[PDB]
Amino acid sequence: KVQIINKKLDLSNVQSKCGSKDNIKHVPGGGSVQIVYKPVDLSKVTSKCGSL
Amino acid sequence: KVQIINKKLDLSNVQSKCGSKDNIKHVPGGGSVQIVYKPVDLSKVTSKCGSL
Amino acid sequence: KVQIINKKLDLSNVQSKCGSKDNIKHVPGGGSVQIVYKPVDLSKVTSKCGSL
Amino acid sequence: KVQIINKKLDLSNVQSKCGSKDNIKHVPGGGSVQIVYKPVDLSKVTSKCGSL
Amino acid sequence: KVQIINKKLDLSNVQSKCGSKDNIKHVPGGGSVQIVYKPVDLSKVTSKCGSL
């Protein structure tokens, strides 16, 4: 049994990474194999700003 | 049994990554194989702003 | 049994990733195989803004 | 049994990704195979704005 | 049984890395194999700013 329950209060993009099981490489006579899976997050918050 | 329940209050794009099972590579005499799956998130929040 | 229930209050595009089962690669004498599935989210929020 | 029930209040495009079962690749003497399925979301919200 | 429950209050993009199981490399007569999965996070917070 797998469930994803996280209590987070953030003024940005939040992500919950839950895979449980992982991947495996076993390609007979394989030439090139690449597995890239990393959740990417990028944000910013602006509160009370007075340039002039 | 797999369920996705996360309590999050965010002024941005939130994502819940729940796969449970993972993928496997086993292509007989495979040449090139690539698996890329990473939830991408990008946002910004603007609250109370006074340039001039 | 698989269900998707997430309580989230966000002023942006929220996504619930629930696959449960994963994909597998096993193409006999396969040349090129590529699997890309990552929910992409991108938004912004504007509240109370005074340029001039 | 699979059901999709998510309680979300958002001023943007929200999507519930529920596949349960995944796809598999097994094309005899396959040349090129590509599977891309990632729900794409993109929006913005404007509340109380005073340029001048 | 694997679950992800973290109580964090942050004005930036927070991520919970929960894989449980890891990946393995075993490609018969494999040429080149690369696995890169590191959640990347990058943000900034602006509160009370007076340039002039």
# chains A, B, ... in the order shown; residues from 1 in each chain; ligands from 1
>>> select_by_dssp(residues="region 4-51 of chain C", states="strand (DSSP E or B)", output="tab-separated table (two decimals) with N, CA and C atoms, in the first residue's frame")
chain	number	residue	atom	x	y	z
C	4	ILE	N	-7.85	8.87	-6.87
C	4	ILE	CA	-7.07	10.11	-6.76
C	4	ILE	C	-7.88	11.19	-6.01
C	8	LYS	N	-6.22	20.45	-2.44
C	8	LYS	CA	-5.27	21.54	-2.67
C	8	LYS	C	-5.97	22.81	-3.13
C	9	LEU	N	-5.62	23.92	-2.47
C	9	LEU	CA	-6.17	25.23	-2.82
C	9	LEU	C	-5.03	26.07	-3.38
C	15	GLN	N	-1.91	19.63	-10.87
C	15	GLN	CA	-2.08	18.33	-11.53
C	15	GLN	C	-1.79	17.18	-10.59
C	16	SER	N	-2.60	16.12	-10.69
C	16	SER	CA	-2.42	14.93	-9.87
C	16	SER	C	-1.93	13.78	-10.75
C	17	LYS	N	-0.67	13.39	-10.56
C	17	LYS	CA	-0.08	12.31	-11.35
C	17	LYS	C	-0.28	10.96	-10.67
C	18	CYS	N	-1.20	10.17	-11.22
C	18	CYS	CA	-1.49	8.84	-10.69
C	18	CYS	C	-1.55	7.83	-11.83
C	24	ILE	N	6.80	-0.77	-19.97
C	24	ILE	CA	7.99	-1.61	-20.14
C	24	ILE	C	8.43	-1.63	-21.61
C	25	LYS	N	9.75	-1.72	-21.81
C	25	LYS	CA	10.33	-1.75	-23.14
C	25	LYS	C	10.84	-3.15	-23.47
C	32	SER	N	15.12	2.24	-32.36
C	32	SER	CA	15.06	3.41	-31.48
C	32	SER	C	13.73	3.48	-30.75
C	33	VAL	N	13.79	3.63	-29.43
C	33	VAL	CA	12.59	3.71	-28.59
C	33	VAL	C	12.74	4.85	-27.59
C	34	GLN	N	11.71	5.69	-27.49
C	34	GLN	CA	11.73	6.83	-26.56
C	34	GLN	C	10.35	7.04	-25.92
C	35	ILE	N	10.34	7.10	-24.59
C	35	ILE	CA	9.10	7.31	-23.83
C	35	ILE	C	9.28	8.51	-22.90
C	36	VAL	N	8.54	9.59	-23.18
C	36	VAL	CA	8.63	10.81	-22.38
C	36	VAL	C	7.23	11.23	-21.90
C	40	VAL	N	3.64	18.78	-17.44
C	40	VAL	CA	4.26	20.11	-17.42
C	40	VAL	C	3.25	21.16	-16.96
C	41	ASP	N	3.66	21.98	-15.99
C	41	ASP	CA	2.81	23.04	-15.45
C	41	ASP	C	3.55	24.37	-15.44
C	42	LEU	N	2.86	25.44	-15.83
C	42	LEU	CA	3.46	26.78	-15.86
C	42	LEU	C	2.39	27.86	-15.75
C	43	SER	N	2.43	28.63	-14.66
C	43	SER	CA	1.45	29.70	-14.45
C	43	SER	C	2.00	30.82	-13.56
C	44	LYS	N	1.18	31.86	-13.38
C	44	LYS	CA	1.55	33.00	-12.55
C	44	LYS	C	0.28	33.64	-11.97
C	45	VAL	N	0.42	34.30	-10.81
C	45	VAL	CA	-0.72	34.95	-10.15
C	45	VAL	C	-0.41	36.42	-9.87
C	46	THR	N	-1.40	37.29	-10.15
C	46	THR	CA	-1.25	38.73	-9.92
C	46	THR	C	-2.34	39.24	-8.99
C	47	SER	N	-1.93	39.73	-7.82
C	47	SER	CA	-2.87	40.25	-6.83
C	47	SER	C	-2.39	41.59	-6.27
C	48	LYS	N	-3.25	42.61	-6.36
C	48	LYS	CA	-2.92	43.94	-5.87
C	48	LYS	C	-1.61	44.44	-6.48
C	49	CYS	N	-1.72	45.19	-7.58
C	49	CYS	CA	-0.55	45.73	-8.27
C	49	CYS	C	-0.77	47.20	-8.62
C	50	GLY	N	0.21	48.04	-8.28
C	50	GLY	CA	0.13	49.47	-8.55
C	50	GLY	C	1.43	49.98	-9.17
>>> interface_residues(of="chain A", to="chain C", cutoff="9 Å", atoms="only C-alpha atoms", output="JSON, numbers by chain")
{"A": [5, 27, 37, 39]}
>>> atom_distance(atom1="CA of residue 2 (chain B)", atom2="CA of residue 21 (chain D)")
12.5 Å
>>> atom_distance(atom1="CA of residue 19 (chain C)", atom2="CA of residue 3 (chain E)")
16.2 Å
